[PDB]
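Listed in order, the protein sequences are those of chains 1g, 1r, 1x and 1k.
All residue numbers for the first sequence refer to PDB author numbering, where the first residue is 2 and numbers rise by one.
All residue numbers for the second sequence refer to PDB author numbering, where the first residue is 20 and numbers rise by one.
All residue numbers for the third sequence refer to PDB author numbering, where the first residue is 2 and numbers rise by one.
All residue numbers for the fourth sequence refer to PDB author numbering, where the first residue is 13 and numbers rise by one.
From the three backbone atoms N, C-alpha and C, an ideal C-beta is built for every residue, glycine too.
Only one structure is covered here, and it is reproduced in the block below.
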Amino acid sequence: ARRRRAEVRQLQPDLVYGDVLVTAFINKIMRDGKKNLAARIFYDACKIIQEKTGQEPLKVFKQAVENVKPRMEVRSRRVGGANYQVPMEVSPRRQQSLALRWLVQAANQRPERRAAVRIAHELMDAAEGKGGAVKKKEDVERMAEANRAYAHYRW
Amino acid sequence: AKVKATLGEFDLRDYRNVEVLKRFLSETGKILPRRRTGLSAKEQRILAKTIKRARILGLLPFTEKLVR
Amino acid sequence: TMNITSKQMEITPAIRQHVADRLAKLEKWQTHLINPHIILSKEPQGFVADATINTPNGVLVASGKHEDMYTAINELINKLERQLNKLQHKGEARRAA
Amino acid sequence: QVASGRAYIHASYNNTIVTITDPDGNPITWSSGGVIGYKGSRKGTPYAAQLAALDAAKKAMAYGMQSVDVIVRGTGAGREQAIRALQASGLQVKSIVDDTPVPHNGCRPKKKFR
RNA sequence: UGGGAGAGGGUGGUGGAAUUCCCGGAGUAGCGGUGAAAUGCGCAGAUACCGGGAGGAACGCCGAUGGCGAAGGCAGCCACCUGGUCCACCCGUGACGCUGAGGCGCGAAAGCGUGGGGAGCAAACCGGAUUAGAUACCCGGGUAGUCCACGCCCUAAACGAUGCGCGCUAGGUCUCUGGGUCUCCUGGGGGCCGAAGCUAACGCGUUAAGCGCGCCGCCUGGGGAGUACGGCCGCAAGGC
Ligand SMILES: [Mg+2]
Ligand SMILES: [Mg+2]
Ligand SMILES: [Mg+2]
Ligand SMILES: [Mg+2]
Ligand SMILES: [Mg+2]
Ligand SMILES: [Mg+2]
Ligand SMILES: [Mg+2]
Ligand SMILES: [Mg+2]
Ligand SMILES: [Mg+2]
Ligand SMILES: [Mg+2]
Ligand SMILES: [Mg+2]
Ligand SMILES: [Mg+2]
Ligand SMILES: [Mg+2]
Ligand SMILES: [Mg+2]
Ligand SMILES: [Mg+2]
Ligand SMILES: [Mg+2]
Ligand SMILES: [Mg+2]
Ligand SMILES: [Mg+2]
Ligand SMILES: [Mg+2]
Ligand SMILES: [Mg+2]
Ligand SMILES: [Mg+2]
Ligand SMILES: [Mg+2]
Ligand SMILES: [Mg+2]
Ligand SMILES: [Mg+2]
Ligand SMILES: [Mg+2]
Ligand SMILES: [Mg+2]
Ligand SMILES: [Mg+2]
Ligand SMILES: [Mg+2]
Ligand SMILES: [Mg+2]
Ligand SMILES: [Mg+2]
Ligand SMILES: [Mg+2]
Ligand SMILES: [Mg+2]
Ligand SMILES: [Mg+2]
Ligand SMILES: [Mg+2]
Ligand SMILES: [Mg+2]
Ligand SMILES: [Mg+2]
Ligand SMILES: [Mg+2]
Ligand SMILES: [Mg+2]
Ligand SMILES: [Mg+2]
Ligand SMILES: [Mg+2]
Ligand SMILES: [Mg+2]
Ligand SMILES: [Mg+2]
């Protein structure tokens with residue numbers, strides 16, 4: 002907003018890993034303030050990502066986050082009579098959000114029936130660079146790459 | 020670094036004095052402003068008029084490519 | 002669609018349809034005239050034709066007043082036209098620099 | 013095949029064309045915003061000049077080109093960037109001389125220029 | 001009489017930069033153009049690059065809040081012909097002065113006649129875009145014309161919207177050009193800011209729009225109308 006830069010809310014680390022990141026990701030699973038259900042689904046997912054690929058939920062999820070962090074993105078800026086799509090680096094704060102948002106969103110595009118599974122599977126796939134959340138990442142990054150021409154038009 | 024200074028008695032009407040004259044051209048060949056020659060109005064005019072004659076004679080250039 | 006409100010007055014379907022006919026002048030500009038509203042009323046000094054119309058590039062909001070109702074309806078349309086045209090071409094005004 | 017040569021940079025507000033020539037002046041290769049893949053106004057940009065000068069120097073090297081003299085004509089937005097790219101190309105750049113053409117008040121310009 | 005400055009005017013010469021086209025070379029897939037585009041140009045070899053040539057037009061830097069002219073206006077360089085003007089000396093004439101209805105001359109551009117000339121530019125015109133439309137603005141083309149000689153036209157925001165000459169009424173700062181005893185003083189120009197005073201105000205203010213004399217031109221509500229009629233001028237357009 003207009004006066005000063007707003008401030009990032011510090012999140013309260015999650016009680017099953019103390020991780021500021023799981024909390025964020027939990028929240029983005031949360032519909033309607035039903036955070037209990039949110040954590041459940043998530044934890045259930047981890048249960049699964051342990052079951053199906055015998056290694057650390059936390060370690061896996063953190064990768065899928067690292068692989069969905071878009072580094073460059075496009076931001077529109079009308080110059081003259083064209084709205085040019087300009088290439089911009091994404092500040093880590095936003096990298097995070099987009100990564101978490103997309104992660105959930107791809108997950109909720111999956112055909113597996115139950116929410117808890119889908120989160121698991123998308124997390125699995127994205128640690129390996131597969132999956133929609135990684136697709137969204139690259140679509141974005143190819144887009145910025147094409148428009149490398151308009152980089153000097155940046156703010 | 021005013022040019023009028025870096026020279027002794029000299030002739031402004033002397034169009035063959037290529038060695039004096041060429042110092043009043045920018046490195047691009049242009050006749051230099053009063054801010055860089057340090058001439059008055061009156062003198063600066065004769066300067067210009069004789070540099071111009073000189074280029075006609077072959078002695079001074081009309082333009083020079085700028086190097087970096 | 003087309004909505005006319007006749008306030009503290011009785012008006013005919015004839016008159017109603019005439020308003021639709023006049024307002025049509027706006028179709029010239031070829032942009033969506035969304036849920037336009039014509040309001041007709043009678044002050045002591047003459048009639049009033051108010052109108053509020055939303056288009057893809059903004060809202061037309063204007064008002065005509067005249068001893069003659071038909072003339073007031075026209076004066077309304079003028080103002081509506083002018084505004085609509087300002088909406089449609091204001092964007093072009095700065096293609097250089 | 014020739015060792016030393018020339019690189020001319022034609023930089024206009026619309027485009028950058030770079031042609032590499034032999035010592036006597038005859039072209040060996042050339043490139044431009046268009047050749048590198050852009051159409052329209054994008055051709056006029058600094059990123060356009062970059063790809064252009066590279067592709068021009070890249071093509072020159074495979075003919076043995078190694079040292080070039082740089083001649084610059086224009087005041088386009090692709091100009092200074094075009095030079096960057098030639099240096100960073102793998103070519104020597106013994107010089108950089110600007111020979112932009114300007115009249116000593118000659119022909120009447122088009123109206124856009126008055 | 002001696003000096004000065006200046007794109008003042010006329011004639012003749014003459015230099016380099018750029019654009020365009022032609023010729024040769026080398027080279028390939030685009031160039032160009034816009035807000036973005038398209039038309040256009042380009043594999044029948046364009047663009048970009050080198051060398052040669054042809055031609056017309058304008059003279060970059062110097063260049064200025066500069067200079068010159070009565071005004072219009074005047075800018076590469078050279079010479080010739082020629083005007084205006086300022087200074088210094090205080091030598092000559094002895095009021096020979098001021099203005100000026102008519103008259104006469106000059107008068108940007110566009111336009112016009114005859115003949116040249118024609119690179120760039122560009123009314124008209126063609127086409128592309130923009131746009132609701134776009135007889136425009138923007139883009140690609142393009143003929144008069146722009147240029148020269150000679151003869152016309154005689155307009156203008158031809159403006160300082162300020163007629164000319166003279167005398168008188170504080171100064172401050174910048175500047176151009178003379179002469180000085182050259183710190184500084186004294187002329188003649190060009191700007192700014194300001195005493196008094198003016199002025200409806202805005203502003204003017206030794207470059208008066210101040211205080212005064214002389215002469216000239218002009219105004220007398222807006223439109224109709226710079227129109228009509230008449231007359232004079234013009235080849236016409238049109239002018240008075
Ligand atoms: Mg997605
Ligand atoms: Mg109202
Ligand atoms: Mg372009
Ligand atoms: Mg050829
Ligand atoms: Mg050539
Ligand atoms: Mg002046
Ligand atoms: Mg005497
Ligand atoms: Mg007189
Ligand atoms: Mg008279
Ligand atoms: Mg005339
Ligand atoms: Mg003429
Ligand atoms: Mg004419
Ligand atoms: Mg005619
Ligand atoms: Mg003629
Ligand atoms: Mg003719
Ligand atoms: Mg047309
Ligand atoms: Mg059309
Ligand atoms: Mg047109
Ligand atoms: Mg045109
Ligand atoms: Mg043209
Ligand atoms: Mg032609
Ligand atoms: Mg004719
Ligand atoms: Mg004036
Ligand atoms: Mg005057
Ligand atoms: Mg008058
Ligand atoms: Mg008046
Ligand atoms: Mg008079
Ligand atoms: Mg008077
Ligand atoms: Mg003096
Ligand atoms: Mg002196
Ligand atoms: Mg004068
Ligand atoms: Mg003075
Ligand atoms: Mg003043
Ligand atoms: Mg006072
Ligand atoms: Mg004074
Ligand atoms: Mg008065
Ligand atoms: Mg009257
Ligand atoms: Mg009357
Ligand atoms: Mg008449
Ligand atoms: Mg008239
Ligand atoms: Mg008559
Ligand atoms: Mg008159």
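Item to complete: Flag this pair as touching only if the stretch 29-42 of chain 1r and the stretch 74-87 of chain 1r have three or more C-beta atom pairs under 8 Å; answer yes or no.
Response: yes
Item to complete: Under 6 Å from any heavy atom of ligand 1, by CB: list those residues in chain order, please.
Response: 103 (chain 1g), 106 (chain 1g), 107 (chain 1g), 133 (chain 1g) and 137 (chain 1g)
Discussion item. Determine, for residue 109 (chain 1k), whether the minimum Cβ-Cβ distance to residues of chain 1r falls below 7 Å.
Written reply: Closer than 7 Å to some Cβ of chain 1r, the Cβ of residue 109 (chain 1k) qualifies, so yes.
Discussion item. With a threshold of 7 Å between beta-carbons, can residue 34 (chain 1g) be considered close to chain 1x, or not?
Written reply: no
Fill in: Start-to-end residues for the beta strand (DSSP E) that takes in residue 24 (chain 1k)
Careful: residue 24 (chain 1k) lies outside any beta strand (DSSP E) and carries neither H nor E.
Worksheet item: From which residue to which residue does the beta strand (DSSP E) around residue 85 (chain 1g) run?
Response: 83-90
Worksheet item: Hey, how far is the Cα of residue 82 (chain 1x) from the Cα of residue 71 (chain 1x)?
Response: 17 Å
Worksheet item: Grouping DSSP H, G and I as helix and E and B as strand, with all else coil, what is residue 129 (chain 1g)?
Response: coil
Fill in: Whole-number beta carbon distance between residue 85 (chain 1g) and residue 154 (chain 1g), since they are thought to touch under 8 Å
So it is a contact: roughly 6 Å between Cβ atoms.
Worksheet item: In terms of residue numbering, what span does the beta strand (DSSP E) encompassing residue 55 (chain 1x) cover?
Response: 47-56
Fill in: Collapsed DSSP secondary structure at residue 70 (chain 1k) in the structure displayed
helix
Worksheet item: Any contact of the stretch 20-38 of chain 1k with the stretch 82-99 of chain 1k, i.e. 3+ C-beta pairs under 8 Å?
Response: yes
Worksheet item: Applying a beta-carbon distance threshold of less than 8 Å, which residues of chain 1k neighbour residue 152 (chain 1g)?
Response: 59
Worksheet item: In chain 1k, what lies closer than 7 Å to residue 85 (chain 1r) by C-beta?
Response: 109 and 110
Fill in: Cβ of residue 149 (chain 1g) within 7 Å of any chain 1k Cβ
Yes - at least one Cβ of chain 1k is within 7 Å of the one on residue 149 (chain 1g).
Worksheet item: If you draw a straight line from the C-alpha of residue 77 (chain 1g) to the C-alpha of residue 34 (chain 1x), how long is it?
Response: 28 Å
Item to complete: Within its chain, find whatever has a CB closer than 7 Å to the CB of residue 74 (chain 1g); leave out the 5 residues flanking it on each side and keep chain order.
Response: 89, 91, 141 and 145
Practice prompt. Answer with yes or no whether the minimum CB distance from residue 82 (chain 1g) to chain 1x is below 7 Å.
Written response: yes
Practice prompt. Starting from residue 63 (chain 1x), trace the beta strand (DSSP E) both ways and give me its first and last residue.
Written response: 59-67
Worksheet item: Would you say residue 54 (chain 1k) faces chain 1g, with C-beta separation under 7 Å as the test?
Response: yes
Discussion item. Taking DSSP's pairing of strands, which residues face residue 73 (chain 1g) in a bridge?
Written reply: Beta-bridge pairing by DSSP links residue 73 (chain 1g) to 90 (chain 1g).
Worksheet item: On the three-pair Cβ rule with 8 Å, is the stretch 83-94 of chain 1x touching the stretch 53-70 of chain 1x?
Response: yes
Worksheet item: So which of 88 (chain 1k), 60 (chain 1k), 46 (chain 1k) and 17 (chain 1k) has the shortest CA-CA distance to residue 40 (chain 1k)?
Response: 17 (chain 1k)
Worksheet item: Mind checking whether residue 58 (chain 1r) and residue 70 (chain 1r) have CB atoms under 7 Å apart?
Response: no
Worksheet item: Enumerated in chain order, which unbroken segments of the alpha helix (DSSP H) with a length of 4 residues or greater are wholly contained in the stretch 75-105 of chain 1k?
Response: 91-99
Worksheet item: If we ignore side chains and look at the alpha-carbon of each, how far apart do residue 13 (chain 1x) and residue 6 (chain 1x) end up?
Response: 12 Å
Fill in: Exposure of residue 33 (chain 1g), with buried meaning 16 or more beta-carbon neighbours within 10 Å
exposed
Discussion item. Give me, in chain order, the residues of the same chain whose beta-carbon lies closer than 7 Å to that of residue 107 (chain 1k); leave out the 5 immediate sequence neighbours on both sides.
Written reply: 81 and 82
Discussion item. When you compare the stretch 63-73 of chain 1k with the stretch 95-107 of chain 1k, are there three or more beta-carbon pairs, one atom per stretch, that lie closer than 8 Å?
Written reply: Flag = yes, the stretch 63-73 of chain 1k and the stretch 95-107 of chain 1k touch.
Worksheet entry | Three-state class that DSSP yields for residue 42 (chain 1x) in the structure shown | strand
Worksheet item: Looking only at C-alpha atoms, which of 9 (chain 1g), 87 (chain 1g), 116 (chain 1g) and 112 (chain 1g) sits nearest to residue 156 (chain 1g)?
Response: 87 (chain 1g)
Practice prompt. For residue 97 (chain 1k), I'd like the list of residues in its chain whose CB is within less than 6 Å of its CB, leaving aside the five on either flank, ordered along the chain.
Written response: 62, 65 and 66
Fill in: In DSSP terms, what residue 44 (chain 1r) is bridged to
50 (chain 1r)
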